[PDB]
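> Take a look at target.pdb, PDB, C-alpha atoms:
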```pdb
ATOM      1  CA  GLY W   1     -15.214   7.961  17.006  1.00  0.00           C
ATOM      2  CA  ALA W   2     -18.578   9.666  16.257  1.00  0.00           C
ATOM      3  CA  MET W   3     -20.793  10.071  13.071  1.00  0.00           C
ATOM      4  CA  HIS W   4     -17.959   9.162  10.651  1.00  0.00           C
ATOM      5  CA  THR W   5     -18.779   9.102   6.892  1.00  0.00           C
ATOM      6  CA  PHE W   6     -16.822   6.574   4.824  1.00  0.00           C
ATOM      7  CA  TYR W   7     -15.313   7.138   1.335  1.00  0.00           C
ATOM      8  CA  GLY W   8     -13.602   3.707   0.876  1.00  0.00           C
ATOM      9  CA  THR W   9     -15.315   0.471  -0.266  1.00  0.00           C
ATOM     10  CA  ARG W  10     -16.099  -0.741   3.242  1.00  0.00           C
ATOM     11  CA  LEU W  11     -16.343  -4.516   3.741  1.00  0.00           C
ATOM     12  CA  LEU W  12     -19.048  -6.255   5.848  1.00  0.00           C
ATOM     13  CA  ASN W  13     -17.312  -9.666   6.110  1.00  0.00           C
ATOM     14  CA  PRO W  14     -13.527  -8.894   6.475  1.00  0.00           C
ATOM     15  CA  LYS W  15     -11.338 -11.402   4.585  1.00  0.00           C
ATOM     16  CA  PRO W  16      -8.136 -12.734   6.333  1.00  0.00           C
ATOM     17  CA  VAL W  17      -4.818 -12.103   4.455  1.00  0.00           C
ATOM     18  CA  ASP W  18      -1.014 -12.683   4.728  1.00  0.00           C
ATOM     19  CA  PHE W  19       1.906 -12.656   2.223  1.00  0.00           C
ATOM     20  CA  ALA W  20       5.736 -12.869   1.949  1.00  0.00           C
ATOM     21  CA  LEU W  21       8.071 -10.150   0.459  1.00  0.00           C
ATOM     22  CA  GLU W  22      11.668  -8.883   0.610  1.00  0.00           C
ATOM     23  CA  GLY W  23      12.885  -5.483   1.892  1.00  0.00           C
ATOM     24  CA  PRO W  24      16.315  -3.651   1.995  1.00  0.00           C
ATOM     25  CA  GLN W  25      17.355  -5.553   5.190  1.00  0.00           C
ATOM     26  CA  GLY W  26      15.530  -8.970   5.266  1.00  0.00           C
ATOM     27  CA  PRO W  27      12.363 -11.007   4.410  1.00  0.00           C
ATOM     28  CA  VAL W  28       8.960  -9.559   5.480  1.00  0.00           C
ATOM     29  CA  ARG W  29       5.357 -10.819   5.966  1.00  0.00           C
ATOM     30  CA  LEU W  30       2.005  -9.055   6.674  1.00  0.00           C
ATOM     31  CA  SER W  31       2.003 -11.224   9.859  1.00  0.00           C
ATOM     32  CA  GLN W  32       4.795  -8.836  11.098  1.00  0.00           C
ATOM     33  CA  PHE W  33       1.988  -6.167  11.341  1.00  0.00           C
ATOM     34  CA  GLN W  34      -1.337  -8.030  12.050  1.00  0.00           C
ATOM     35  CA  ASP W  35      -2.054  -5.852  15.196  1.00  0.00           C
ATOM     36  CA  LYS W  36      -2.040  -2.690  13.039  1.00  0.00           C
ATOM     37  CA  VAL W  37      -4.392  -0.705  10.778  1.00  0.00           C
ATOM     38  CA  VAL W  38      -2.039  -1.337   7.842  1.00  0.00           C
ATOM     39  CA  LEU W  39      -2.171   0.532   4.517  1.00  0.00           C
ATOM     40  CA  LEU W  40      -0.893  -1.811   1.763  1.00  0.00           C
ATOM     41  CA  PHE W  41      -0.213   0.062  -1.529  1.00  0.00           C
ATOM     42  CA  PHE W  42       0.683  -1.442  -4.939  1.00  0.00           C
ATOM     43  CA  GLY W  43       2.691   0.903  -7.225  1.00  0.00           C
ATOM     44  CA  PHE W  44       5.935   1.436  -9.183  1.00  0.00           C
ATOM     45  CA  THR W  45       8.244   4.211  -7.712  1.00  0.00           C
ATOM     46  CA  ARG W  46       8.870   5.611 -11.230  1.00  0.00           C
ATOM     47  CA  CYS W  47       5.062   5.823 -11.900  1.00  0.00           C
ATOM     48  CA  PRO W  48       3.352   8.619 -13.969  1.00  0.00           C
ATOM     49  CA  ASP W  49       2.192  10.695 -10.895  1.00  0.00           C
ATOM     50  CA  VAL W  50      -0.139   8.623  -8.594  1.00  0.00           C
ATOM     51  CA  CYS W  51       2.642   7.049  -6.371  1.00  0.00           C
ATOM     52  CA  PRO W  52       4.232  10.287  -4.910  1.00  0.00           C
ATOM     53  CA  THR W  53       0.740  11.990  -4.939  1.00  0.00           C
ATOM     54  CA  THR W  54      -1.052   9.207  -2.960  1.00  0.00           C
ATOM     55  CA  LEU W  55       1.980   8.809  -0.591  1.00  0.00           C
ATOM     56  CA  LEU W  56       1.627  12.554   0.227  1.00  0.00           C
ATOM     57  CA  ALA W  57      -2.146  12.092   0.934  1.00  0.00           C
ATOM     58  CA  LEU W  58      -1.451   8.933   3.064  1.00  0.00           C
ATOM     59  CA  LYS W  59       1.181  10.846   5.124  1.00  0.00           C
ATOM     60  CA  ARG W  60      -1.084  13.974   5.362  1.00  0.00           C
ATOM     61  CA  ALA W  61      -3.655  11.656   7.054  1.00  0.00           C
ATOM     62  CA  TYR W  62      -1.006  10.202   9.481  1.00  0.00           C
ATOM     63  CA  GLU W  63       0.029  13.845  10.322  1.00  0.00           C
ATOM     64  CA  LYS W  64      -3.628  14.425  11.429  1.00  0.00           C
ATOM     65  CA  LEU W  65      -3.655  11.547  14.018  1.00  0.00           C
ATOM     66  CA  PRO W  66      -2.969  11.780  17.805  1.00  0.00           C
ATOM     67  CA  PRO W  67       0.160   9.946  19.095  1.00  0.00           C
ATOM     68  CA  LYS W  68      -2.051   7.099  20.473  1.00  0.00           C
ATOM     69  CA  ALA W  69      -3.775   6.334  17.130  1.00  0.00           C
ATOM     70  CA  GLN W  70      -0.513   6.270  15.090  1.00  0.00           C
ATOM     71  CA  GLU W  71       0.916   3.414  17.297  1.00  0.00           C
ATOM     72  CA  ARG W  72      -1.753   1.402  15.394  1.00  0.00           C
ATOM     73  CA  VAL W  73      -1.148   2.919  11.839  1.00  0.00           C
ATOM     74  CA  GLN W  74       1.720   2.044   9.427  1.00  0.00           C
ATOM     75  CA  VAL W  75       2.123   2.085   5.582  1.00  0.00           C
ATOM     76  CA  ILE W  76       3.757  -0.503   3.279  1.00  0.00           C
ATOM     77  CA  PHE W  77       4.573   0.148  -0.397  1.00  0.00           C
ATOM     78  CA  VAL W  78       4.808  -3.093  -2.463  1.00  0.00           C
ATOM     79  CA  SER W  79       6.421  -2.675  -5.896  1.00  0.00           C
ATOM     80  CA  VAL W  80       4.786  -3.868  -9.194  1.00  0.00           C
ATOM     81  CA  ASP W  81       7.982  -3.847 -11.352  1.00  0.00           C
ATOM     82  CA  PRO W  82      10.973  -5.618  -9.632  1.00  0.00           C
ATOM     83  CA  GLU W  83      12.917  -5.454 -12.984  1.00  0.00           C
ATOM     84  CA  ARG W  84      13.259  -1.662 -12.246  1.00  0.00           C
ATOM     85  CA  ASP W  85      12.096  -1.058  -8.591  1.00  0.00           C
ATOM     86  CA  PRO W  86      14.663  -2.653  -6.148  1.00  0.00           C
ATOM     87  CA  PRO W  87      13.680  -2.745  -2.399  1.00  0.00           C
ATOM     88  CA  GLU W  88      16.235   0.008  -1.615  1.00  0.00           C
ATOM     89  CA  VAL W  89      14.635   2.502  -4.077  1.00  0.00           C
ATOM     90  CA  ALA W  90      11.057   1.578  -3.010  1.00  0.00           C
ATOM     91  CA  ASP W  91      11.996   2.178   0.696  1.00  0.00           C
ATOM     92  CA  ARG W  92      13.873   5.527   0.278  1.00  0.00           C
ATOM     93  CA  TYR W  93      11.118   6.838  -2.014  1.00  0.00           C
ATOM     94  CA  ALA W  94       8.430   6.048   0.641  1.00  0.00           C
ATOM     95  CA  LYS W  95      10.706   7.577   3.379  1.00  0.00           C
ATOM     96  CA  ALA W  96      11.032  10.818   1.294  1.00  0.00           C
ATOM     97  CA  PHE W  97       7.289  11.412   1.871  1.00  0.00           C
ATOM     98  CA  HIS W  98       7.321  10.206   5.507  1.00  0.00           C
ATOM     99  CA  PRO W  99       9.818   8.151   7.659  1.00  0.00           C
ATOM    100  CA  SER W 100       7.204   5.791   9.298  1.00  0.00           C
ATOM    101  CA  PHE W 101       6.857   4.140   5.806  1.00  0.00           C
ATOM    102  CA  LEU W 102       8.579   0.960   4.454  1.00  0.00           C
ATOM    103  CA  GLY W 103       9.207  -0.181   0.818  1.00  0.00           C
ATOM    104  CA  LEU W 104       9.103  -3.877  -0.198  1.00  0.00           C
ATOM    105  CA  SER W 105      10.358  -5.311  -3.498  1.00  0.00           C
ATOM    106  CA  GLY W 106      12.168  -8.571  -4.371  1.00  0.00           C
ATOM    107  CA  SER W 107      11.654 -11.898  -6.109  1.00  0.00           C
ATOM    108  CA  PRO W 108       8.785 -11.678  -8.683  1.00  0.00           C
ATOM    109  CA  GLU W 109       7.230 -14.791  -7.001  1.00  0.00           C
ATOM    110  CA  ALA W 110       7.178 -13.010  -3.573  1.00  0.00           C
ATOM    111  CA  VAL W 111       5.796  -9.847  -5.292  1.00  0.00           C
ATOM    112  CA  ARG W 112       3.240 -12.226  -6.932  1.00  0.00           C
ATOM    113  CA  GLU W 113       1.892 -13.799  -3.715  1.00  0.00           C
ATOM    114  CA  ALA W 114       1.222 -10.357  -2.138  1.00  0.00           C
ATOM    115  CA  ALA W 115      -0.709  -9.351  -5.312  1.00  0.00           C
ATOM    116  CA  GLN W 116      -2.543 -12.754  -5.419  1.00  0.00           C
ATOM    117  CA  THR W 117      -3.528 -12.279  -1.702  1.00  0.00           C
ATOM    118  CA  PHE W 118      -5.235  -8.888  -2.213  1.00  0.00           C
ATOM    119  CA  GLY W 119      -6.600  -9.730  -5.741  1.00  0.00           C
ATOM    120  CA  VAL W 120      -4.167  -7.389  -7.600  1.00  0.00           C
ATOM    121  CA  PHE W 121      -3.697  -8.250 -11.285  1.00  0.00           C
ATOM    122  CA  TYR W 122      -0.433  -7.083 -12.936  1.00  0.00           C
ATOM    123  CA  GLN W 123       1.175  -7.545 -16.412  1.00  0.00           C
ATOM    124  CA  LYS W 124       3.551  -5.838 -18.826  1.00  0.00           C
ATOM    125  CA  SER W 125       2.431  -4.691 -22.305  1.00  0.00           C
ATOM    126  CA  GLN W 126       4.019  -3.811 -25.732  1.00  0.00           C
ATOM    127  CA  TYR W 127       7.271  -5.575 -24.687  1.00  0.00           C
ATOM    128  CA  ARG W 128       9.836  -4.879 -27.444  1.00  0.00           C
ATOM    129  CA  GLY W 129      13.399  -4.622 -25.987  1.00  0.00           C
ATOM    130  CA  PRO W 130      15.644  -4.257 -22.883  1.00  0.00           C
ATOM    131  CA  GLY W 131      14.303  -0.783 -21.846  1.00  0.00           C
ATOM    132  CA  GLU W 132      11.055  -1.075 -23.853  1.00  0.00           C
ATOM    133  CA  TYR W 133       7.648  -1.960 -22.291  1.00  0.00           C
ATOM    134  CA  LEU W 134       4.934  -0.547 -19.992  1.00  0.00           C
ATOM    135  CA  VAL W 135       3.871  -2.297 -16.722  1.00  0.00           C
ATOM    136  CA  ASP W 136       0.138  -2.834 -16.012  1.00  0.00           C
ATOM    137  CA  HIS W 137      -1.058  -2.976 -12.353  1.00  0.00           C
ATOM    138  CA  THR W 138      -4.132  -2.666 -10.107  1.00  0.00           C
ATOM    139  CA  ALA W 139      -3.578   0.821  -8.610  1.00  0.00           C
ATOM    140  CA  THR W 140      -5.252   0.120  -5.199  1.00  0.00           C
ATOM    141  CA  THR W 141      -4.650   0.525  -1.436  1.00  0.00           C
ATOM    142  CA  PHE W 142      -5.769  -2.184   1.021  1.00  0.00           C
ATOM    143  CA  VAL W 143      -6.771  -1.505   4.683  1.00  0.00           C
ATOM    144  CA  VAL W 144      -6.027  -4.439   7.023  1.00  0.00           C
ATOM    145  CA  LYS W 145      -6.500  -5.036  10.831  1.00  0.00           C
ATOM    146  CA  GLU W 146      -6.457  -8.319  12.951  1.00  0.00           C
ATOM    147  CA  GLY W 147      -4.684  -9.997   9.938  1.00  0.00           C
ATOM    148  CA  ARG W 148      -7.781  -9.291   7.724  1.00  0.00           C
ATOM    149  CA  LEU W 149      -8.837  -6.809   5.025  1.00  0.00           C
ATOM    150  CA  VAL W 150     -11.566  -4.411   6.352  1.00  0.00           C
ATOM    151  CA  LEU W 151     -11.522  -1.709   3.582  1.00  0.00           C
ATOM    152  CA  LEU W 152     -10.502  -1.080  -0.074  1.00  0.00           C
ATOM    153  CA  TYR W 153      -9.330   2.235  -1.621  1.00  0.00           C
ATOM    154  CA  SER W 154      -8.713   3.479  -5.164  1.00  0.00           C
ATOM    155  CA  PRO W 155      -6.237   6.468  -5.355  1.00  0.00           C
ATOM    156  CA  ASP W 156      -9.271   8.615  -6.418  1.00  0.00           C
ATOM    157  CA  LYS W 157     -10.649   7.585  -2.988  1.00  0.00           C
ATOM    158  CA  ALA W 158      -7.401   7.747  -0.864  1.00  0.00           C
ATOM    159  CA  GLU W 159      -6.217  11.184  -2.142  1.00  0.00           C
ATOM    160  CA  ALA W 160      -9.087  12.590   0.002  1.00  0.00           C
ATOM    161  CA  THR W 161      -6.668  12.991   3.013  1.00  0.00           C
ATOM    162  CA  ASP W 162      -9.396  13.667   5.615  1.00  0.00           C
ATOM    163  CA  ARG W 163     -11.450  10.713   4.304  1.00  0.00           C
ATOM    164  CA  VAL W 164      -8.363   8.496   4.935  1.00  0.00           C
ATOM    165  CA  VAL W 165      -8.299  10.126   8.424  1.00  0.00           C
ATOM    166  CA  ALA W 166     -12.046   9.437   9.110  1.00  0.00           C
ATOM    167  CA  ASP W 167     -12.166   5.829   7.727  1.00  0.00           C
ATOM    168  CA  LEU W 168      -8.952   4.929   9.654  1.00  0.00           C
ATOM    169  CA  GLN W 169     -10.581   6.626  12.689  1.00  0.00           C
ATOM    170  CA  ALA W 170     -13.614   4.269  12.336  1.00  0.00           C
ATOM    171  CA  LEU W 171     -11.044   1.389  12.626  1.00  0.00           C
ATOM    172  CA  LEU W 172      -8.880   2.801  15.562  1.00  0.00           C
TER     173      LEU W 172
END
```
Please, can you express the file's structure as structure tokens?


Amino acid sequence: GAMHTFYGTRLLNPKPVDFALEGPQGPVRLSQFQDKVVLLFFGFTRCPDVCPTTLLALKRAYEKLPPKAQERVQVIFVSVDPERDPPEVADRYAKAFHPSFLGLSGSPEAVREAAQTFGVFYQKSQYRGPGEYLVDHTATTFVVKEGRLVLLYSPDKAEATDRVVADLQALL
């Protein structure tokens, strides 16, 4: 790197992290990826806008990287609404932005421990009937390397493509 300028909430002491989830093929952990500069993103596929928008910014950053950086960079989408977002829809939706992405959804307990690990708080509000509620979540991306969190991102941070490039490039 060189004189990189950050736009994420950069950590000084990096906190260690691991979780368990399901995907459209088998069970998954963050310990499958602890070598990597992993982007962990908490959304619903059928969001308002933010999920497809951020996934386009995240892939526009990956499209900026040399072949030898990207061997270290991968993206995981974790669902926030497993009563509507099955692991198959989460995965195909991430793939439709970029094929080096994976979607994880499953048991609400497994979805819980991933959220608990990062400090994501999630609810559902105005619940009235079988198709009738909204889901509340922490809309955040989490940057992990060596099995530990090194950086936090809001979407209003991460949608700066070339800032996601430069902050990831401080972490190569």

> Closest to residue W:87 among W:162, W:167, W:63, W:22, using only C-alpha atoms?

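Ranked by minimum distance to residue W:87, first place goes to W:22.
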
> Near residue W:151, counting all atoms listed in the file, which residues have an atom at most 10 Å away, once you skip same-chain residues fewer than 3 positions from it, shown as a count of residues only?

19

> Would you compute, for all listed atoms of stretch 129-148 of chain W, the axis-aligned bounding box grown by 6 Å on each side, and then report its centre and edge lengths in Å rounded to one decimal, as lines of an AutoDock Vina configuration file?


```
center_x = 3.9
center_y = -4.6
center_z = -6.5
size_x = 35.4
size_y = 22.8
size_z = 50.9
```

> Quick one: which residues end up in the PyMOL selection byres ((chain W and resi 1) around 9) for this structure, as a list in words?

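With the shown file as input, the PyMOL selection byres ((chain W and resi 1) around 9) matches residues 2, 3, 4, 166, 169, 170, 171 and 172 of chain W.
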
> Take the residues just selected and output them with C-alpha atoms as a short mmCIF file (atom, residue, chain, number, x, y, z; two decimals), in the frame of the given file.


```cif
data_model
loop_
_atom_site.label_atom_id
_atom_site.label_comp_id
_atom_site.auth_asym_id
_atom_site.auth_seq_id
_atom_site.Cartn_x
_atom_site.Cartn_y
_atom_site.Cartn_z
CA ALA W 2 -18.58 9.67 16.26
CA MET W 3 -20.79 10.07 13.07
CA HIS W 4 -17.96 9.16 10.65
CA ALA W 166 -12.05 9.44 9.11
CA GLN W 169 -10.58 6.63 12.69
CA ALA W 170 -13.61 4.27 12.34
CA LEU W 171 -11.04 1.39 12.63
CA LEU W 172 -8.88 2.80 15.56
#
```

> Rank W:35, W:88, W:49, W:109 by their smallest atom-to-atom distance to residue W:73, using only C-alpha atoms, and report the top residue only.

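Among the listed residues, the smallest separation from residue W:73 belongs to W:35.
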
> For residue W:79, please output as an mmCIF file with C-alpha atoms, keeping the file's coordinate frame all residues within 7 Å (counting all atoms listed in the file; exclusion window: fewer than 3 positions along the same chain).


```cif
data_model
loop_
_atom_site.group_PDB
_atom_site.id
_atom_site.type_symbol
_atom_site.label_atom_id
_atom_site.label_comp_id
_atom_site.auth_asym_id
_atom_site.auth_seq_id
_atom_site.Cartn_x
_atom_site.Cartn_y
_atom_site.Cartn_z
ATOM 1 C CA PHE W 42 0.683 -1.442 -4.939
ATOM 2 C CA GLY W 43 2.691 0.903 -7.225
ATOM 3 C CA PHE W 44 5.935 1.436 -9.183
ATOM 4 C CA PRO W 82 10.973 -5.618 -9.632
ATOM 5 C CA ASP W 85 12.096 -1.058 -8.591
ATOM 6 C CA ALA W 90 11.057 1.578 -3.010
ATOM 7 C CA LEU W 104 9.103 -3.877 -0.198
ATOM 8 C CA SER W 105 10.358 -5.311 -3.498
#
```

> Taking only residues of stretch 33-100 of chain W that have an atom at most 12 Å from an atom of stretch 124-128 of chain W, what is each one's shortest atom pair and its distance in Å to one decimal, using only C-alpha atoms, in chain and number order, as a tab-separated table?


```
residue	atom	partner	partner_atom	distance
W:80	CA	W:124	CA	9.9
W:81	CA	W:124	CA	8.9
W:82	CA	W:124	CA	11.8
W:83	CA	W:124	CA	11.0
```

> Atom CA of residue W:117 and atom CA of residue W:103 are how many Å apart?

17.7 Å

> When you count only C-alpha atoms, which of these residues is closest to residue W:29: W:165, W:111, W:61, W:96?

W:111

> Please, what distance in Å, to one decimal, runs between atom CA of residue W:99 and atom CA of residue W:60?

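It comes out at 12.6 Å.
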
> Choose the residue, out of W:164, W:57, W:152, W:21, that has the smallest atom-to-atom separation from residue W:78; count only C-alpha atoms.

W:21

> What does the distance between atom CA of residue W:94 and atom CA of residue W:45 come to in Å, to one decimal place?

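Rounded to one decimal, the two atoms are 8.6 Å apart.
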
> With the PyMOL selection byres ((chain W and resi 30) around 8) as the selection, what would be picked from this file? Answer as a ChimeraX atom specification, please.

/W:17-20,28-29,31-34,147

> Please produce a file of those selected residues containing C-alpha atoms, as a short mmCIF file (atom, residue, chain, number, x, y, z; two decimals), in the frame of the given file.


```cif
data_model
loop_
_atom_site.label_atom_id
_atom_site.label_comp_id
_atom_site.auth_asym_id
_atom_site.auth_seq_id
_atom_site.Cartn_x
_atom_site.Cartn_y
_atom_site.Cartn_z
CA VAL W 17 -4.82 -12.10 4.46
CA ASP W 18 -1.01 -12.68 4.73
CA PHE W 19 1.91 -12.66 2.22
CA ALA W 20 5.74 -12.87 1.95
CA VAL W 28 8.96 -9.56 5.48
CA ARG W 29 5.36 -10.82 5.97
CA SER W 31 2.00 -11.22 9.86
CA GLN W 32 4.80 -8.84 11.10
CA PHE W 33 1.99 -6.17 11.34
CA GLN W 34 -1.34 -8.03 12.05
CA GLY W 147 -4.68 -10.00 9.94
#
```

> With the PyMOL selection byres ((chain W and resi 138) around 10) as the selection, what would be picked from this file? Answer as a list in words, please.

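Written out, the selection comes to residues 41, 42, 43, 80, 115, 119, 120, 121, 122, 123, 136, 137, 139, 140, 141 and 154 of chain W.
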
> Residues as selected, C-alpha atoms, written as a PDB file, keeping the file's coordinate frame, can you do that?


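Full text of out_19.pdb as output:
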```pdb
ATOM      1  CA  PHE W  41      -0.213   0.062  -1.529  1.00  0.00           C
ATOM      2  CA  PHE W  42       0.683  -1.442  -4.939  1.00  0.00           C
ATOM      3  CA  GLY W  43       2.691   0.903  -7.225  1.00  0.00           C
ATOM      4  CA  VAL W  80       4.786  -3.868  -9.194  1.00  0.00           C
ATOM      5  CA  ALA W 115      -0.709  -9.351  -5.312  1.00  0.00           C
ATOM      6  CA  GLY W 119      -6.600  -9.730  -5.741  1.00  0.00           C
ATOM      7  CA  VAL W 120      -4.167  -7.389  -7.600  1.00  0.00           C
ATOM      8  CA  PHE W 121      -3.697  -8.250 -11.285  1.00  0.00           C
ATOM      9  CA  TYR W 122      -0.433  -7.083 -12.936  1.00  0.00           C
ATOM     10  CA  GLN W 123       1.175  -7.545 -16.412  1.00  0.00           C
ATOM     11  CA  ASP W 136       0.138  -2.834 -16.012  1.00  0.00           C
ATOM     12  CA  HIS W 137      -1.058  -2.976 -12.353  1.00  0.00           C
ATOM     13  CA  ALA W 139      -3.578   0.821  -8.610  1.00  0.00           C
ATOM     14  CA  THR W 140      -5.252   0.120  -5.199  1.00  0.00           C
ATOM     15  CA  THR W 141      -4.650   0.525  -1.436  1.00  0.00           C
ATOM     16  CA  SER W 154      -8.713   3.479  -5.164  1.00  0.00           C
TER      17      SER W 154
END
```

> Which of these, W:102, W:135, W:47, W:158, has the shortest distance to residue W:74 once you count only C-alpha atoms?

W:102

> For a quick check of understanding, using all atoms listed in the file, which of W:36, W:46, W:98, W:84 has the smallest distance to residue W:69?

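Smallest separation from residue W:69 among the options: W:36.
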
> For stretch 100-112 of chain W, supply N, CA, C and O atoms and format the output as a CSV table (one decimal), keeping the file's coordinate frame.


```
chain,number,residue,atom,x,y,z
W,100,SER,N,7.9,7.0,8.8
W,100,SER,CA,7.2,5.8,9.3
W,100,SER,C,6.7,4.9,8.2
W,100,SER,O,5.7,4.1,8.4
W,101,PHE,N,7.2,5.0,6.9
W,101,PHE,CA,6.9,4.1,5.8
W,101,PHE,C,8.0,3.2,5.5
W,101,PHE,O,9.2,3.4,5.7
W,102,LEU,N,7.6,2.0,4.9
W,102,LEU,CA,8.6,1.0,4.5
W,102,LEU,C,8.3,0.5,3.0
W,102,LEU,O,7.1,0.4,2.6
W,103,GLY,N,9.3,0.3,2.2
W,103,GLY,CA,9.2,-0.2,0.8
W,103,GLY,C,9.7,-1.6,0.7
W,103,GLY,O,10.8,-1.9,1.0
W,104,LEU,N,8.9,-2.5,0.1
W,104,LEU,CA,9.1,-3.9,-0.2
W,104,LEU,C,9.1,-4.2,-1.7
W,104,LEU,O,8.2,-3.9,-2.5
W,105,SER,N,10.2,-4.7,-2.2
W,105,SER,CA,10.4,-5.3,-3.5
W,105,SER,C,11.3,-6.5,-3.4
W,105,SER,O,12.1,-6.6,-2.5
W,106,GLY,N,11.4,-7.4,-4.4
W,106,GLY,CA,12.2,-8.6,-4.4
W,106,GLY,C,11.9,-9.5,-5.5
W,106,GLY,O,11.6,-9.1,-6.6
W,107,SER,N,12.0,-10.8,-5.2
W,107,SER,CA,11.7,-11.9,-6.1
W,107,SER,C,10.2,-11.7,-6.7
W,107,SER,O,9.3,-11.4,-6.0
W,108,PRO,N,10.1,-11.9,-8.0
W,108,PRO,CA,8.8,-11.7,-8.7
W,108,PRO,C,7.7,-12.7,-8.2
W,108,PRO,O,6.5,-12.3,-8.2
W,109,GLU,N,8.1,-13.8,-7.7
W,109,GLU,CA,7.2,-14.8,-7.0
W,109,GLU,C,6.7,-14.2,-5.7
W,109,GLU,O,5.6,-14.3,-5.4
W,110,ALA,N,7.6,-13.6,-4.8
W,110,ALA,CA,7.2,-13.0,-3.6
W,110,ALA,C,6.3,-11.8,-3.9
W,110,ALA,O,5.2,-11.7,-3.3
W,111,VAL,N,6.6,-11.0,-4.8
W,111,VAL,CA,5.8,-9.8,-5.3
W,111,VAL,C,4.4,-10.4,-5.8
W,111,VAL,O,3.4,-9.8,-5.6
W,112,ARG,N,4.4,-11.5,-6.5
W,112,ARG,CA,3.2,-12.2,-6.9
W,112,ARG,C,2.3,-12.6,-5.8
W,112,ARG,O,1.1,-12.2,-5.8
```
